[PDB]
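So the chains spell out like this:
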Amino acid sequence: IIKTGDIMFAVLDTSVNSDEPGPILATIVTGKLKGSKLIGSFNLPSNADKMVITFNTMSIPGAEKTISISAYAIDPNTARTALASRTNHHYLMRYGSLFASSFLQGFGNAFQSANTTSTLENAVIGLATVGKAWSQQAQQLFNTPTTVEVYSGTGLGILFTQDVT
Amino acid sequence: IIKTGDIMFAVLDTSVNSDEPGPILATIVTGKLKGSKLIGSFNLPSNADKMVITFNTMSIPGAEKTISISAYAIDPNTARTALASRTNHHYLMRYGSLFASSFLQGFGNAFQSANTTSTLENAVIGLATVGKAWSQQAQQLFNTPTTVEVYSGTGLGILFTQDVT
Amino acid sequence: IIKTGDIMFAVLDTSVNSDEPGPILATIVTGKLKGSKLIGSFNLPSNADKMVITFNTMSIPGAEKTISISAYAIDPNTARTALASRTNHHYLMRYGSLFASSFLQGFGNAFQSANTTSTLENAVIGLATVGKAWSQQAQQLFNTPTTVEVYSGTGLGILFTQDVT
Amino acid sequence: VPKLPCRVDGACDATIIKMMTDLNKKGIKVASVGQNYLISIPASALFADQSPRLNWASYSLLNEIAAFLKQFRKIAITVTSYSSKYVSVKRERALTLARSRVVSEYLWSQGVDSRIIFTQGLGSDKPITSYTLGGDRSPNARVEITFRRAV
Amino acid sequence: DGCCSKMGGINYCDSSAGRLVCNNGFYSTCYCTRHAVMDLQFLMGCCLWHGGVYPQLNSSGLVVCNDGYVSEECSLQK
Amino acid sequence: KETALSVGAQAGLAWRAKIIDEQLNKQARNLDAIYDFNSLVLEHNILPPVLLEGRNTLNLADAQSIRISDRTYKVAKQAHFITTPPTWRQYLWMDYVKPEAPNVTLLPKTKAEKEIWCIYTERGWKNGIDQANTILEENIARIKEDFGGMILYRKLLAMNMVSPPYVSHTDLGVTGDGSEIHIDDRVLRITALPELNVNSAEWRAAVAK
Amino acid sequence: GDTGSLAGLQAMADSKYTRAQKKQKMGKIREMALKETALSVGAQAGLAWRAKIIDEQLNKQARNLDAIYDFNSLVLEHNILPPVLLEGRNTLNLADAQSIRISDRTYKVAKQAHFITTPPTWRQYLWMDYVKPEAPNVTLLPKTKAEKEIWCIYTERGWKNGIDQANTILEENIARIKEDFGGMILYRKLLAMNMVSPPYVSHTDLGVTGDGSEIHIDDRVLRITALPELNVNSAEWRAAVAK
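Residues numbered from 1 in each chain as written, not as in the entry; some residues may be left out. Chains lettered and ligands numbered in written order. Part of a larger assembly, values for the part shown. Heavy atoms only, no water.

Method of determination, as annotated in the archive: cryo-EM, at 4.6 Å resolution.

Put into structure tokens, the structure is as follows:
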């Protein structure tokens, strides 16, 4: 019997990027459960200010049993559900791509326009023409989110949801 | 037996941003119930002037029972329903992005137009052509709410709603 | 047994904003009921000229029951149904936002137009291009009314509606 | 602390030793061993000559000795009166008895705290000094108060 | 506030006497243990000198003692 | 408006009660001296009963119905055993718990409000004082009742109007099992509860000088 | 104020109390959480520390205690702990009204005697346990000087209370061992007085025994039958005197 929503401690070993869900295993190291482990998955939030881990398939040694307590994880010494990872992955790449494409468009077209008032014309050529398709593709790819990736050597605490027996 | 709507005091340990719903537990430190804990969740208001927490799943030691008294929180020492955090998280970034994109648009177009009466042309180029995509993306992202986050070391008071047995 | 619609006094200790309806409790201090408590919620009026509170969940000490007498409140020493708080929260903020955005639009466009009949051009640039987006956003946000918020240390008078046993 | 008395009311060992020193320098004998206190007072400084009467000025000394006694908890207090051989034995015994009764009465009247007050006088039945020249002036003409402070 | 004022100072606390002992050979006029002899003849307490305060709770102010007698002083008025 | 009256009455009751109780305690020894229970205890540690006396009574029921008597006596409380005499305290002492929480909700704001609040508190405190005094009166009446009843029992017994109580003691030697033993067991049991005797033929009168 | 009724009312007549009441209520809502934890931790620390110190002091002077509590000298002939007796004098009981029951002396058997193997040591009655605690679970903390000071003083009070509790437990154990020893010595005294039958034991013997695989030399069986008890014929009691 495990009290509804008590605290357990485990260590996470298998790291994975927040791109493809997969069975992630944690190892209970102390407390009543010794040598036990727990497989689960994650979710993806709309805003990447945090990252939570879903744990459902609990295995205990000793006997041939497979309980299914579903529980989440909390970061120790932060007392928050966020994950130790990075969130500035792909801001600058797309910002620079879009800005450069637009700048090329403008350079070609404006220097062509201001001809009234040869290598300069060739620069006009390159900028004005290659800007547009690059800019539209950059707008197409601009919506890709900045990912996060969990780490393979971070411990964790797990708050329970239901009881077991 | 608990009277309908009295006051109890507890401590909140696990903090969370007002971004992703998830289980949050508190521990009753006073009153008749001792060692008792409480799981619940939160909601999101239309305006960030306040924040409240939903608490429903009360776990009491002694017997393998799971009562479901639903209750909310009232801030001790303030007696107000708001949550102690920061609420000006995401005003300046969006304001600056919008204003800079607009300024670029205007500078490019007007200083190109005013040629009637090379580096100046290049500045016009950059401003005029990179203002537009940036401005439309800023209008796209401008409606991002400014978030709040509870604290991991703040106590709280709980007012009751119904009775128990 | 309480006469239909008689008068009682009570004290409000928990403050709340008129933004998220929720449980708010008060305590009867005089009359036949001593230490009795009262849970209820508020309503949002059509205009910010007043604010009233619904009181329905009455709990009498001693006995293990929760009657459902519904009643409202009046302002002590004023004999009014309004609320004692501030109501001028968000007039000038939206007025100034809208007026500044309009002034920017006008300055840019008109001072660009008046050229026929560099820093001046740049000011025209900024005004003409940052006025419009700010103006449409201000028109979007101008619908937010001025809210009221009760205090945590105000007493009250309560008129009854129906009888009890 | 405000509920349970931290110390016995109106007591101060510094005051106790101060008044003991003042009595000793005044010359009235004060002594104690273990938890038993004995105080001796010459008869001349208290009574008039060969009479069971109290000198008027002696009331201040009696007042302050009662004040000192008020700084103790006791049950039984014994007072004895000894004098010099003057005319007979019976007369001297009567004089000592009357003196003891008077002083005991005044002490009881004052705010002393006791359950038993014993008083007796003997006269010149047992001296405490071989020198026996003077009469009322002799130091053996004395009044003695004895008791035990318990707990 | 020195119990052994103008004396050697506190030595220890004799529990059988419930009293402090000064460094010089005397018992201080202060207590240390609650199991001593303190001469108090005045105190407080509702439902006093009866079965004590009955543990019941009443919607009104009516209060009773375990002997069954009531106390207006302990109760309120109306 | 009325919290003034309530708190005034409470404070007045508490203050008057504490003052009267401490004054009573200060004037101690004479009280126990006059209310000396033990010397009135009978031989067998039996609390004597209490007698109620009345003189020249008359009751009218209705027309042509009036019943008149000269004297009457009644047994209030039957005699019974006791292990220690009661004292003045169980009749005269009254409890005191000081209130300290005037609920600060209705507070003085304007001058006339302050004045009416002050005067209402004053009158309420006077009410509390007099109510405490009345309670003291009732206590005094009750204790006087009991003492007078005991005295009247003594006097009727002297006048040979009430049979004295009667008791029997039965003694047994060694008693118990191999595990529990008692040296001498004494069982005291009373039989004759004191009561009035209607036979006037044995009544005795006395005359002083 | 409340005690000096009129003075306190005229003091409340000013609005300074009417504004201080809110600023003190806002503190009175919350402060108890810190103080309860302070009392709990103070009690824990005081109990543990006082227990450890008293255990060390106890172990300091074991030898005299061992000498005084010689159960071995009290052991009977056949390695049997003597029984335990309790005696009360001047017993009185008011069962109800109209009837009372008294007696001079009464005697009760606490623990029936039985076989023993080792003389029980005082440690089984006196040795305090001791587990050092190393879990200060401090969740909430004071914020300003006032709450810090009240926290400190409440921890001190908790330490005091823990010391008191430990001392009381030690005293209770002392009382228990005292009454056990008193019961044994009382049994010895009464057996000298010739008022209690001595325990009676029989013994049986067999020589060699067993099968061809298991054998024993001398199977001796000792069985105690007549348990000690109080007699009822007081006439046989032999009196005692002194000089």
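A.B. asks: Residue-level account of the overall build of chain E, with values.
C.D. replies: Tallying secondary structure elements over chain E gives zero helices and three strands in all. For chain E, the sequential pattern of α-helices and β-strands runs β-β-β. Relative to the compact-globule value of 12 Å for 78 residues, chain E shows a C-alpha radius of gyration of 21 Å, a clear excess of over 25%. Expressed along its principal axes, the backbone C-alpha trace of chain E runs to roughly 60 × 25 × 20 Å. Taking all 78 residues of chain E together, the buried fraction comes to 29%. Looking at chain E as shown, the accessible area adds up to about 5200 Å², and 55% of this sits on carbon and sulfur atoms. (Helix = DSSP H or I, 4+ residues; strand = E, 2+ residues; numbered from the N terminus. Rg over C-alpha atoms; globule rule 2.2 N^0.38 Å. Buried < 20%, exposed > 50% of the residue type's maximum accessible area, 1.4 Å probe, protein only. Areas by Shrake-Rupley, 256 points an atom, 1.4 Å probe, with all protein chains shown as cover.)

A.B. asks: Can you lay out the interface of chain C and chain B for me, pointing to particular residues and giving the numbers?
C.D. replies: Counting residues at the interface gives 35 residues for chain C and 34 residues for chain B. Sorting the residues of chain C by area buried against chain B places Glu20, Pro23 and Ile125 of chain C first, and these three jointly supply 21% of that buried surface. Connecting chain C to chain B are one salt bridge. The partner of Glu149 of chain C in a salt bridge is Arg80 of chain B, with the nearest N and O atoms 3.4 Å apart. One can count 10 residue pairs in polar contact joining chain C with chain B. If you tally residues by element for the side of chain C that touches chain B, the top one is helix 2 (residues 119-141) of chain C, at 10 residues. (Contact = heavy atoms within 4.5 Å. Buried area = accessible area lost by both parts, 1.4 Å probe. Salt bridge = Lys/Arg side-chain N within 4 Å of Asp/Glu carboxyl O. Polar contact = N/O pair within 3.5 Å; in protein donor to acceptor, adjacent residues only side chain to side chain.)

A.B. asks: A description of the interface of chain A and chain B should follow, citing residues and the corresponding values.
C.D. replies: Between chain A and chain B, the contact holds 35 residues from the first and 35 residues from the second. Contact between chain A and chain B buries roughly 2700 Å² in total, counting both sides, with carbon and sulfur atoms accounting for 63%. For chain A, the biggest contributors to the area lost against chain B are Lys3, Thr4 and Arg80 of chain A; these three give 21% of the whole. Connecting chain A to chain B are one salt bridge. Going through the elements one at a time, strand 5 (72-74) and helix 1 (92-113) of chain A are the ones with two or more residues in the side of chain A that touches chain B. Ranked by the residues each element gives to the side of chain A that touches chain B, the list is headed by helix 1 of chain A, at 11 residues. The residue makeup of the side of chain A that touches chain B, split by class, is 16 nonpolar, 13 polar and six charged. (Nonpolar A, V, L, I, M, F, W, Y, C, P; charged D, E, K, R; others polar.)

A.B. asks: Any chance you could break down helix 2 (residues 119-141) of chain A for me, citing the residues and the numbers?
C.D. replies: All names here are of chain A. Between its first and last C-alpha, helix 2 extends 32 Å over 23 residues, near the 33 Å set by a 1.5 Å rise per residue. Considering bend angle alone, the principal kink of helix 2 is centred on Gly131 and spans about 35 degrees. Residues of helix 2 that are buried include every one of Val124, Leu127, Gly131, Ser135 and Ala138, and no others. Looking at the buried side of helix 2, the elements it contacts are helix 1. (Expected span 1.5 Å × (residues − 1). Bend = angle between axes of the 7 residues up to and from the residue.)

A.B. asks: Can you lay out the nonpolar core for me, pointing to particular residues and giving the numbers?
C.D. replies: Membership of the largest hydrophobic core comes to 25 residues, with the highest contact counts inside it found for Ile28, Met51, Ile53, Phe55, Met58, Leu156 and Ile158 of chain C. Those elements that provide at least two residues to this core are strand 1 (7-12), strand 2 (24-28), strand 3 (37-42), strand 4 (53-59) and strand 6 (154-159) of chain C. For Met58 of chain C, the residues in contact, after removing those within four places along its chain, are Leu33, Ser36, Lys37, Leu38, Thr66, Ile67 and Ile69 of chain C. Judged by nonpolar contacts, the second largest core, of 24 residues, contains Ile2, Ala26, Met51 and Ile69 of chain B. (Core = buried A, V, L, I, M, F, W, Y, C linked by side-chain atoms within 4.5 Å.)

A.B. asks: Residues and numbers for the state of the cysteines, please.
C.D. replies: All names here are of chain E. Scanning the entire structure with this criterion turns up five disulfides over all chains. The partner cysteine of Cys4 in its disulfide is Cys22, sulfur to sulfur 2.0 Å. What sets the handedness of the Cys4 and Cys22 disulfide is the S-S torsion sign, and at about -90 degrees it is left-handed. Within this pair, whereas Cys4 is found in the segment before strand 1 (10-14), its partner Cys22 is found in strand 2 (residues 19-22), the two being separated by 18 residues in sequence. (Disulfide = S-S within 2.5 Å.)

A.B. asks: Summarise the arrangement of the chains; cite the residues concerned and give the values.
C.D. replies: For chain A and chain E, which are not in contact, the least C-alpha distance works out to 33 Å. Contact between chain E and chain G is absent, and the least distance between their C-alpha atoms amounts to 10 Å.

A.B. asks: Which residues make up the pairing of strand 2 (residues 24-28) of chain B, and what values do they have?
C.D. replies: Residues and elements named next belong to chain B. In terms of burial, strand 2 is a largely internal element, four of the five residues being buried. Here strand 1 (residues 7-12) pairs with strand 2 via three bridges, running antiparallel. Of the residues in strand 2, the one forming a bridge with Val11 is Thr27. In the sheet, strand 2 pairs with strand 3 (residues 37-42) via four bridges, with the strands oriented antiparallel. By the bridge assignment for strand 3, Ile24 is matched with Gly40. (Pairing = 2+ DSSP bridges.)

A.B. asks: Give a description of the sheet that holds strand 3 (residues 27-31) of chain E that names residues and reports values.
C.D. replies: Residue and element names in this part refer to chain E. The sheet built from three strands is open, its strands ordered 1-2-3 with antiparallel pairing. Each edge of the sheet is formed by a strand with only one pairing partner; in this case those strands are strand 1 and strand 3. Across the sheet, the mean angle separating the axes of adjacent strands is 30 degrees when strand polarity is ignored. Across two bridges, strand 2 lies against strand 3 in antiparallel orientation. Within strand 3, the position partnered with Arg19 by the bridge is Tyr31. (Axes fitted to C-alpha atoms, helices over the stretch in contact; angles between N-to-C directions.)

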